[PDB]
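Chemist: my_file-v9.cif is reproduced below (mmCIF, C-alpha atoms).
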```cif
data_model
#
loop_
_atom_site.label_atom_id
_atom_site.label_comp_id
_atom_site.auth_asym_id
_atom_site.auth_seq_id
_atom_site.Cartn_x
_atom_site.Cartn_y
_atom_site.Cartn_z
CA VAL A 558 -150.31 -86.06 67.27
CA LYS A 559 -149.24 -88.71 69.87
CA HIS A 560 -146.42 -90.08 67.75
CA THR A 561 -145.38 -86.50 66.91
CA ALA A 562 -145.12 -85.46 70.52
CA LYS A 563 -143.03 -88.57 71.27
CA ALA A 564 -140.44 -87.96 68.44
CA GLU A 565 -140.03 -84.31 69.52
CA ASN A 566 -139.53 -85.31 73.17
CA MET A 567 -137.03 -88.08 72.16
CA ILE A 568 -134.88 -85.56 70.19
CA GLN A 569 -134.51 -83.25 73.32
CA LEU A 570 -133.77 -86.21 75.43
CA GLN A 571 -130.99 -87.29 73.10
CA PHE A 572 -129.35 -83.80 73.13
CA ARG A 573 -129.48 -83.83 77.05
CA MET A 574 -127.31 -87.02 77.00
CA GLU A 575 -124.64 -85.47 74.65
CA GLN A 576 -124.15 -82.31 76.86
CA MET A 577 -122.94 -84.21 79.87
CA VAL A 578 -119.94 -85.08 77.78
CA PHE A 579 -118.95 -88.74 78.30
CA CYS A 580 -115.22 -88.85 77.37
CA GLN A 581 -115.05 -92.37 75.99
CA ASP A 582 -112.17 -94.85 76.22
CA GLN A 583 -112.13 -95.33 72.34
CA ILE A 584 -111.53 -91.61 71.36
CA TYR A 585 -108.07 -92.84 70.44
CA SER A 586 -109.11 -93.38 66.77
CA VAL A 587 -109.41 -89.60 66.42
CA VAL A 588 -106.69 -88.74 69.09
CA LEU A 589 -104.29 -90.31 66.73
CA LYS A 590 -105.23 -87.86 63.93
CA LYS A 591 -103.55 -85.03 65.96
CA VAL A 592 -100.07 -86.53 65.43
CA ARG A 593 -100.73 -87.52 61.89
CA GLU A 594 -102.71 -84.79 59.94
CA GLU A 595 -101.57 -81.83 62.08
CA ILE A 596 -97.93 -82.39 62.98
CA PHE A 597 -96.05 -85.10 61.00
CA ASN A 598 -97.85 -84.84 57.68
CA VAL B 558 -70.06 -72.08 111.88
CA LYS B 559 -71.78 -68.77 110.93
CA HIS B 560 -71.33 -69.45 107.32
CA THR B 561 -72.12 -73.17 107.56
CA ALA B 562 -75.36 -72.14 109.21
CA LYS B 563 -76.03 -69.55 106.54
CA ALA B 564 -75.29 -72.03 103.71
CA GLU B 565 -77.50 -74.86 104.91
CA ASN B 566 -80.63 -72.53 105.39
CA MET B 567 -80.41 -71.37 101.79
CA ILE B 568 -79.99 -74.85 100.43
CA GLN B 569 -83.16 -75.84 102.47
CA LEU B 570 -84.99 -72.88 101.26
CA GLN B 571 -84.47 -73.20 97.51
CA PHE B 572 -86.11 -76.69 97.76
CA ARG B 573 -88.99 -74.88 99.55
CA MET B 574 -89.38 -72.66 96.44
CA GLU B 575 -89.36 -75.69 93.96
CA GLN B 576 -92.56 -77.14 95.42
CA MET B 577 -94.30 -74.14 93.95
CA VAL B 578 -94.30 -75.09 90.31
CA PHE B 579 -93.84 -72.38 87.54
CA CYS B 580 -91.97 -71.53 84.35
CA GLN B 581 -92.91 -68.85 81.75
CA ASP B 582 -91.82 -68.93 78.02
CA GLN B 583 -88.65 -71.09 78.47
CA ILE B 584 -90.73 -74.32 78.41
CA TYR B 585 -91.35 -73.82 74.55
CA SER B 586 -88.14 -75.40 73.20
CA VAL B 587 -88.49 -78.49 75.55
CA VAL B 588 -91.94 -79.16 73.96
CA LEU B 589 -89.97 -79.29 70.66
CA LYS B 590 -87.81 -81.91 72.29
CA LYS B 591 -90.97 -83.94 72.97
CA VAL B 592 -92.03 -83.29 69.32
CA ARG B 593 -88.59 -84.74 68.08
CA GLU B 594 -88.52 -87.82 70.41
CA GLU B 595 -92.23 -88.81 70.18
CA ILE B 596 -92.76 -88.34 66.38
CA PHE B 597 -89.91 -87.80 64.07
CA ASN B 598 -86.86 -89.41 65.75
#
```
Using structure tokens, write down the structure from this file.
Modeler:
Amino acid sequence: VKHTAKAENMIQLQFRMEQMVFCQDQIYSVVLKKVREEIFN
Amino acid sequence: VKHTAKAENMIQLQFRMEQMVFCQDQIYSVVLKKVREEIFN
């Protein structure tokens, strides 16, 4: 039970960090795919 | 002097308008200009 309640709480905690939407300084990798896949190619 | 005075106010005024940025559907072809100089050219 104890370990179960911890995993469950950890999962919700981890989705609360993704919603605040940190726009990272390495998105570039996938920025680049805009001007490759979607326009030039 | 009448028409010097008239001319200058209008020339001042037009620059008063430009501060207020806008442009409707003309801006489309100058994005294509971006498209040509950033990618293909």
Chemist: Applying the PyMOL selection byres ((chain B) within 9 of (chain A)) to the file I just gave you, which residues come out? Please list them as a list in words.
Modeler: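 So the PyMOL selection byres ((chain B) within 9 of (chain A)) ends up selecting residues 592, 596 and 597 of chain B.
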Chemist: Next, dump the selected residues to file, keeping only C-alpha atoms, as a short mmCIF file (atom, residue, chain, number, x, y, z; two decimals), in the frame of the given file.
Modeler:
```cif
data_model
loop_
_atom_site.label_atom_id
_atom_site.label_comp_id
_atom_site.auth_asym_id
_atom_site.auth_seq_id
_atom_site.Cartn_x
_atom_site.Cartn_y
_atom_site.Cartn_z
CA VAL B 592 -92.03 -83.29 69.32
CA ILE B 596 -92.76 -88.34 66.38
CA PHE B 597 -89.91 -87.80 64.07
#
```
Chemist: Could I have chain B as a JSON list (two decimals) with C-alpha atoms, in the frame of the given file after it is superimposed on chain A by least squares, pairing all C-alpha atoms in sequence order?
Modeler:
```json
[["chain", "number", "residue", "atom", "x", "y", "z"],
["B", 558, "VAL", "CA", -150.12, -86.62, 66.97],
["B", 559, "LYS", "CA", -149.22, -89.28, 69.60],
["B", 560, "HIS", "CA", -146.20, -90.28, 67.71],
["B", 561, "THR", "CA", -145.22, -86.73, 66.71],
["B", 562, "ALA", "CA", -145.32, -85.91, 70.40],
["B", 563, "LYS", "CA", -143.29, -88.98, 71.26],
["B", 564, "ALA", "CA", -140.68, -88.22, 68.55],
["B", 565, "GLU", "CA", -140.05, -84.59, 69.45],
["B", 566, "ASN", "CA", -139.49, -85.39, 73.26],
["B", 567, "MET", "CA", -136.77, -87.89, 72.41],
["B", 568, "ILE", "CA", -135.05, -85.58, 70.00],
["B", 569, "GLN", "CA", -135.08, -82.89, 72.82],
["B", 570, "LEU", "CA", -133.82, -85.31, 75.29],
["B", 571, "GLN", "CA", -130.80, -86.70, 73.46],
["B", 572, "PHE", "CA", -129.48, -83.08, 73.26],
["B", 573, "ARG", "CA", -130.04, -82.98, 77.06],
["B", 574, "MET", "CA", -127.68, -86.00, 77.38],
["B", 575, "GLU", "CA", -124.91, -84.39, 75.12],
["B", 576, "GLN", "CA", -124.33, -81.53, 77.56],
["B", 577, "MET", "CA", -122.91, -84.12, 79.89],
["B", 578, "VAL", "CA", -119.59, -84.76, 78.23],
["B", 579, "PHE", "CA", -118.04, -88.33, 78.19],
["B", 580, "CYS", "CA", -116.38, -90.94, 75.98],
["B", 581, "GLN", "CA", -114.30, -93.97, 77.13],
["B", 582, "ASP", "CA", -111.61, -95.74, 74.96],
["B", 583, "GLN", "CA", -113.02, -94.74, 71.50],
["B", 584, "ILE", "CA", -111.28, -91.31, 71.69],
["B", 585, "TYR", "CA", -107.80, -93.08, 71.14],
["B", 586, "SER", "CA", -107.82, -93.30, 67.32],
["B", 587, "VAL", "CA", -108.99, -89.60, 66.95],
["B", 588, "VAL", "CA", -105.85, -88.54, 68.94],
["B", 589, "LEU", "CA", -103.94, -90.38, 66.16],
["B", 590, "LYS", "CA", -105.78, -88.19, 63.72],
["B", 591, "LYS", "CA", -104.42, -85.15, 65.59],
["B", 592, "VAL", "CA", -100.95, -86.81, 65.54],
["B", 593, "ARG", "CA", -101.20, -87.18, 61.63],
["B", 594, "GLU", "CA", -102.55, -83.63, 60.92],
["B", 595, "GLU", "CA", -100.39, -81.67, 63.42],
["B", 596, "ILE", "CA", -96.99, -83.42, 62.81],
["B", 597, "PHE", "CA", -96.48, -85.72, 59.95],
["B", 598, "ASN", "CA", -99.01, -84.66, 57.26]]
```
Chemist: Please, what distance in Å, to one decimal, runs between CA of residue 585 (chain A) and CA of residue 598 (chain B)?
Modeler: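 These atoms are spaced 22.0 Å apart.
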Chemist: Box for region 572-591 of chain A: with edges along x, y and z, all listed atoms inside and 4 Å added on each side, what are the centre and edge lengths in Å to one decimal, as AutoDock Vina command-line options?
Modeler:
```
--center_x -116.5 --center_y -88.8 --center_z 71.9 --size_x 33.9 --size_y 21.0 --size_z 23.9
```
Chemist: Quick one, how far is CA of residue 586 (chain B) from CA of residue 590 (chain A)?
Modeler: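 It comes out at 23.1 Å.
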Chemist: Between CA of residue 576 (chain B) and CA of residue 560 (chain B), measure the distance and give it in Å to one decimal.
Modeler: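 Distance between the two atoms: 25.5 Å.
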